[PDB]
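Chemist: Structure in structure tokens, see below.
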Amino acid sequence: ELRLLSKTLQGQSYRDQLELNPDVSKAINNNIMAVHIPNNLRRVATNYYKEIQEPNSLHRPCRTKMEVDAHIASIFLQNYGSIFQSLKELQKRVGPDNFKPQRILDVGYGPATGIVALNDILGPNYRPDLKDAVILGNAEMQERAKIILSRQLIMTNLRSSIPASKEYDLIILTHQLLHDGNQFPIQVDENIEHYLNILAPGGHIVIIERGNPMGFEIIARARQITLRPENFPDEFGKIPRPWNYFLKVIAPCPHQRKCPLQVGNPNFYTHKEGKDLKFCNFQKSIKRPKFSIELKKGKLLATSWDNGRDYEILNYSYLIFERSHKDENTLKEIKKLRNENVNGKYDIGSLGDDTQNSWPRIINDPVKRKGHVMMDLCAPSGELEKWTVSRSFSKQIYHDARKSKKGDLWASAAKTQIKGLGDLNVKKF
RNA sequence: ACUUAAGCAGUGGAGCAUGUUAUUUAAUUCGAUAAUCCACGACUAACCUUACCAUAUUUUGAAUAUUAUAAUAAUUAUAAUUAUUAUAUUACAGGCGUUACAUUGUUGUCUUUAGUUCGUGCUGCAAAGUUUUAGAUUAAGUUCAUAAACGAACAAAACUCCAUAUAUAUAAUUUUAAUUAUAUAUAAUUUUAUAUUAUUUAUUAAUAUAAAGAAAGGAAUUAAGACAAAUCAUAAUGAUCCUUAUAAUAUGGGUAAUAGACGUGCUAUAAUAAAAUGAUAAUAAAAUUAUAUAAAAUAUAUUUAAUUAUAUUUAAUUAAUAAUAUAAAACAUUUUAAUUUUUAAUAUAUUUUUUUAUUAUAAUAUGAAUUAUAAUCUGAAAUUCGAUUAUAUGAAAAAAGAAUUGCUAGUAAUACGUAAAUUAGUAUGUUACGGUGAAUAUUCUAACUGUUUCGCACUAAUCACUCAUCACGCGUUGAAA
Ligand code: SF4
Ligand SMILES: [Mg+2]
Ligand SMILES: [Mg+2]
Ligand SMILES: [Mg+2]
Ligand SMILES: [Mg+2]
Ligand SMILES: [Mg+2]
């Protein structure tokens, strides 16, 4: 008789396992890999994996046509999955009705990977005005991107550079905010300034990258640069911030204060004292297509470099920012909401606005034992909390808790609400 | 130089068993997630185990101590004291709560372990160095050589213990396997004599030949780094959290649900291979039996008996004594679809279990999953959810391939079996034990390690330092209508 709350379902993130469009996977396997003997493709894929294995390493533009083949065979799946989950995250937390973008930009090394994901998410009936997609690594990536996009129903405009005469209300960035290990502080600033100028009012910008500690640091720095939390102390809740310009965070951060998990230098994770550090990443599962299963085979990709699965667990970190509309109404609303609204010090245990924009963030796998579930949350109070929900406290609320996973916004109250210790090894750096 | 390349032996498309994953579930107890690949402990999950779900149900509970009332004793003298035993008594006990809660202990994985300190001696003004040598030899630290170096301690080696061959002792050869058993002891790292080729040229290695030999294998045994851990079920202590609940008991359920996905094994796909039979009993080893084992016999399947499975009944043995238990492959005969390569009627023969002549004459008699009936074993209980027997069933499985396992050896393989642990009951799993017993040679590739050469503005040591840029101030000097 006991069932999940509608509030919990609203807070729940998308759960079902991912999968490529059958037409897209069939086309990829039939064309992009059939004409090439598998061994050389596996060799180049092994090279790319080995050169990204280094700690705090980066993705790299496809120099050569063989590298283009390898990237579509190996790395396109996880980019597509990350885009799928982040885009559905945006779609749910802005509401299905309000998410109807018409001017679209995708920026990424691979094919128009956000464009195919957008087509899949908004169905085959969505036909917006502009579907620009700039491709960087190689010119031949455009050809195979056209091969992918032909099977999905072209109007999409495959370019090699950003048009510099138009704004955009949907923008997707895939591994775009940092290209060199050096200049990590504000080269992200440079990139985000370049992409932020072409984002229309009411538009969406969706950033996604690797989800390793270097990744999480890039996300944290980008958020800090955009928001300037230090410029707005004691301002709890989500209000758009100046940066006639205003922007707000949607996900995965349920506040706009300093990130509790941020330590400035990624190299701290490599030391013998930063091995206990924790970074904000998110996990998803995606079914392995045939060409993937046919690829990871042999001593190159199937052995231990010193049972399998039909799916891959991809890690990723991401951000989403919404633009405020340009109008005297919106401007005055922002100014007054900052002026006379004393939202108060959101105390440990506070849910903030008790809506989607401010519900806590599950950032770790909850520990579910008989009669109690423990959750590690990033709360709208700007802090890192540990919330324990017991059956004695409430049966319905415990029932909701035991079905909660990492990456859900858990929307209700708990019995115990203490300061979580995940940031213990942060101040000492 | 791991690992690769080669050679050999395989396994490898199906069914089932057993795991993990996904999904579902009231629960399907617990395990991984920084992009090759990896959530994967089972010496037995029906109940218990059990940790999960549902419903009831217990509240100082498992212990230590305190302070009190009741009985029991012992003493003194009913009372005093001691103890014991209950009932309360509150600190609390308890916790398969937490590693995003840490540190030791350890548990493993990888690298280096002829090398690290110490003491002297010597060289340099000194920081330092300890030199030839960055040597030779071997399959490898297994062995030498040299030189301002030489020592001791650990480590390694030797040594030790197995196995093997012998000697002594022991056994009144009925506990008999004296072909054995277990104590002590010896032996080998084999020793030699020549020939040839190399050699630092003999007082040396490669071989080969001859001689004495039973002599041919094996394990263990140390530290230093570095990574990984919470079924870290390889623990302790501490931190924090629950204290009508995250502690505790009972009933039932679940851990066995299936669209799927991948590992591990068992059974198969027929003739260099399966089936039946083979009583004066072809031939073992290592084990186990007081919380047992179960012999022979009788009876029913069932049928003259045999075999196989239960039932009745306990003979010996608690053991070098009796039982588990007549080891099986091996070997002999017979049969075996595809196969008109066969069987049958007539004749026929110096092939007679046989030959000739004329007519007739894609899944089988492989496979045993699945399904049905009726019985049986354990246990109190076999529905979810065990094993066994008989009578019906009779699926997929044929061709070629990705892929991968192991590699001189009593090893692989074996339609060869035997035994033990866990068990009241269930092994296609694990660990032991013996029987038969092969093949093949290694161009190649190599991370990585060890020495080295050169450079060095770095020294908390390239995630280094220096240089230049951008803003903010404070100064200084030089020209000046
Ligand atoms: S959710 Fe919290 S921990 Fe994660 S990036 Fe945002 S602020 Fe940081
Ligand atoms: Mg029970
Ligand atoms: Mg049970
Ligand atoms: Mg305690
Ligand atoms: Mg418990
Ligand atoms: Mg048969």
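Naming works like this for the structure tokens: A, B, ... for the chains as they're shown, residue 1 at the start of each chain, ligands 1 onward in shown order.
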Which neighbours of residue 2 (chain A) fall inside 12 Å, counting only C-alpha atoms (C1' of nucleotides), when residues of the same chain fewer than 3 positions from it are skipped, and could you give them as an MDAnalysis selection string?

Modeler: (chainID A and resid 5 394:400) or (chainID B and resid 26)

Chemist: What are the residues of chain A that have an atom within 6 Å of an atom of chain B, counting only C-alpha atoms (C1' of nucleotides), as a JSON list (two decimals) with N, CA and C atoms, in the first residue's frame?

Modeler:
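Generated output (result06.json):
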```
[["chain", "number", "residue", "atom", "x", "y", "z"],
["A", 212, "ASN", "N", 36.67, 13.38, -13.60],
["A", 212, "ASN", "CA", 37.79, 12.98, -12.77],
["A", 212, "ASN", "C", 38.14, 14.19, -11.91],
["A", 301, "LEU", "N", 42.70, -4.35, -25.77],
["A", 301, "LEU", "CA", 41.64, -3.69, -25.00],
["A", 301, "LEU", "C", 40.87, -4.62, -24.07],
["A", 302, "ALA", "N", 41.10, -5.93, -24.11],
["A", 302, "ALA", "CA", 40.34, -6.87, -23.29],
["A", 302, "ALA", "C", 41.15, -7.49, -22.17],
["A", 303, "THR", "N", 42.48, -7.43, -22.22],
["A", 303, "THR", "CA", 43.33, -8.00, -21.19],
["A", 303, "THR", "C", 43.68, -6.93, -20.16],
["A", 304, "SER", "N", 44.44, -7.33, -19.14],
["A", 304, "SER", "CA", 44.89, -6.43, -18.09],
["A", 304, "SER", "C", 46.23, -5.84, -18.52],
["A", 307, "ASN", "N", 33.76, -11.81, -15.41],
["A", 307, "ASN", "CA", 33.02, -11.66, -16.66],
["A", 307, "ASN", "C", 32.93, -10.20, -17.08],
["A", 308, "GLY", "N", 32.72, -9.97, -18.37],
["A", 308, "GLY", "CA", 32.46, -8.64, -18.88],
["A", 308, "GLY", "C", 31.01, -8.23, -18.70],
["A", 309, "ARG", "N", 30.67, -7.09, -19.29],
["A", 309, "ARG", "CA", 29.32, -6.54, -19.23],
["A", 309, "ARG", "C", 28.84, -6.21, -20.63],
["A", 310, "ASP", "N", 27.52, -6.05, -20.76],
["A", 310, "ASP", "CA", 26.90, -5.50, -21.95],
["A", 310, "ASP", "C", 26.66, -4.00, -21.83],
["A", 422, "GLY", "N", 32.94, 14.43, 4.65],
["A", 422, "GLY", "CA", 33.59, 14.22, 3.37],
["A", 422, "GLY", "C", 34.60, 15.29, 3.00]]
```

Chemist: Select the residues contacting ligand 2 at a distance of at most 10 Å, based on only C-alpha atoms (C1' of nucleotides) and all ligand atoms, then format the selection as a VMD selection string.

Modeler: chain B and resid 47 to 50 250 to 253

Chemist: For the atom pair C1' of residue 183 (chain B) and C1' of residue 160 (chain B), what is the interatomic distance in Å to one decimal place?

Modeler: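 So the answer is 19.1 Å.
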
Chemist: Can you tell me, as a PyMOL selection string, which residues in region 338-388 of chain A count as strand (DSSP E or B) by DSSP?

Modeler: chain A and resi 361-362+367-369+372-378+384-388

Chemist: Using only C-alpha atoms (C1' of nucleotides) and all ligand atoms, which of the listed residues (B:346, B:451, B:243, B:298) sits closest to ligand 4?

Modeler: B:243

Chemist: Counting only C-alpha atoms (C1' of nucleotides) and all ligand atoms, which residues of chain B fall within 9 Å of ligand 4, and what is the closest atom pair for each with its distance in Å at one decimal, ordered by chain and rising number, as a tab-separated table?

Modeler:
```
residue	atom	partner	partner_atom_place_in_ligand_line	distance
B:93	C1'	ligand 4	1 (Mg)	8.0
B:94	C1'	ligand 4	1 (Mg)	7.0
B:95	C1'	ligand 4	1 (Mg)	7.6
```

Chemist: So that I have them on file, write out the residues from the current selection with N, CA, C and O atoms (P, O5', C5', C4', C3', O3' and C1' of nucleotides), as a PDB file, in the first residue's frame.

Modeler:
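Here's the written file selection-v5.pdb:
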```pdb
ATOM      1  P     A B  93      28.630  -0.288  28.264  1.00  0.00           P
ATOM      2  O5'   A B  93      27.953  -1.721  28.110  1.00  0.00           O
ATOM      3  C5'   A B  93      28.363  -2.806  28.927  1.00  0.00           C
ATOM      4  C4'   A B  93      27.400  -3.963  28.845  1.00  0.00           C
ATOM      5  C3'   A B  93      27.227  -4.597  27.474  1.00  0.00           C
ATOM      6  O3'   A B  93      28.267  -5.498  27.141  1.00  0.00           O
ATOM      7  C1'   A B  93      25.106  -4.228  28.433  1.00  0.00           C
ATOM      8  P     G B  94      28.905  -5.476  25.667  1.00  0.00           P
ATOM      9  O5'   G B  94      27.649  -5.640  24.702  1.00  0.00           O
ATOM     10  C5'   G B  94      26.888  -6.838  24.697  1.00  0.00           C
ATOM     11  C4'   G B  94      25.665  -6.712  23.826  1.00  0.00           C
ATOM     12  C3'   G B  94      25.919  -6.317  22.380  1.00  0.00           C
ATOM     13  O3'   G B  94      26.328  -7.400  21.565  1.00  0.00           O
ATOM     14  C1'   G B  94      24.210  -4.961  23.254  1.00  0.00           C
ATOM     15  P     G B  95      27.481  -7.190  20.465  1.00  0.00           P
ATOM     16  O5'   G B  95      26.777  -6.317  19.335  1.00  0.00           O
ATOM     17  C5'   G B  95      25.590  -6.771  18.705  1.00  0.00           C
ATOM     18  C4'   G B  95      24.987  -5.709  17.820  1.00  0.00           C
ATOM     19  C3'   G B  95      25.913  -5.101  16.780  1.00  0.00           C
ATOM     20  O3'   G B  95      26.063  -5.912  15.627  1.00  0.00           O
ATOM     21  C1'   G B  95      24.721  -3.382  17.882  1.00  0.00           C
TER      22        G B  95
END
```

Chemist: What gap, in Å, lies between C1' of residue 54 (chain B) and CA of residue 375 (chain A)?

Modeler: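 So the two atoms, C1' of residue 54 (chain B) and CA of residue 375 (chain A), lie 25.4 Å apart.
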
Chemist: Select the residues contacting ligand 1 at a distance of at most 8 Å, based on only C-alpha atoms (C1' of nucleotides) and all ligand atoms, then format the selection as a PyMOL selection string.

Modeler: chain A and resi 216+219-220+223+251-262+279-281+361+363+378-379+382-384

Chemist: State, in Å with one decimal place, the distance from CA of residue 282 (chain A) to CA of residue 211 (chain A).

Modeler: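 Atom-to-atom, CA of residue 282 (chain A) and CA of residue 211 (chain A) are spaced 7.3 Å apart.
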
Chemist: Extract the full set of helix (DSSP H, G or I) residues from region 225-286 of chain A according to DSSP on the backbone, and format it as a PyMOL selection string.

Modeler: chain A and resi 225-227+229-231+266-270

Chemist: If you take only C-alpha atoms (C1' of nucleotides) and all ligand atoms and a cut-off of 9 Å, which residues of chain B touch ligand 6, and what are their nearest atom pairs and distances in Å to one decimal, in chain and number order, as CSV?

Modeler:
```
residue,atom,partner,partner_atom_place_in_ligand_line,distance
B:365,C1',ligand 6,1 (Mg),7.8
B:366,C1',ligand 6,1 (Mg),7.3
B:367,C1',ligand 6,1 (Mg),6.8
B:368,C1',ligand 6,1 (Mg),7.0
```

Chemist: Can you pull out the residues contacting residue 149 (chain A)? Cut-off 9 Å, using only C-alpha atoms (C1' of nucleotides), and skip same-chain residues under 6 positions away; I want them as JSON, numbers by chain.

Modeler: {"A": [24, 112, 115, 116, 156]}

Chemist: For the selection just defined, write its residues with N, CA and C atoms to a file, as an mmCIF file, in the first residue's frame.

Modeler:
```
data_model
loop_
_atom_site.group_PDB
_atom_site.id
_atom_site.type_symbol
_atom_site.label_atom_id
_atom_site.label_comp_id
_atom_site.auth_asym_id
_atom_site.auth_seq_id
_atom_site.Cartn_x
_atom_site.Cartn_y
_atom_site.Cartn_z
ATOM 1 N N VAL A 24 21.123 4.666 -35.327
ATOM 2 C CA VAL A 24 22.452 5.262 -35.213
ATOM 3 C C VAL A 24 23.502 4.179 -34.998
ATOM 4 N N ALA A 112 28.455 15.642 -34.092
ATOM 5 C CA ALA A 112 27.487 16.497 -33.425
ATOM 6 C C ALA A 112 26.784 15.664 -32.363
ATOM 7 N N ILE A 115 23.845 17.192 -30.637
ATOM 8 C CA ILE A 115 22.725 17.345 -31.559
ATOM 9 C C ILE A 115 21.958 16.035 -31.695
ATOM 10 N N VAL A 116 22.671 14.913 -31.822
ATOM 11 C CA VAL A 116 21.995 13.621 -31.905
ATOM 12 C C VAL A 116 21.262 13.321 -30.604
ATOM 13 N N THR A 156 20.579 20.337 -39.774
ATOM 14 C CA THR A 156 21.699 20.651 -38.895
ATOM 15 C C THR A 156 22.865 21.183 -39.718
#
```

Chemist: Ranking A:380, A:334, A:26, A:306 by minimum distance to residue 3 (chain B) and counting only C-alpha atoms (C1' of nucleotides), which one comes first?

Modeler: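 The answer is A:306, which sits nearest to residue 3 (chain B).
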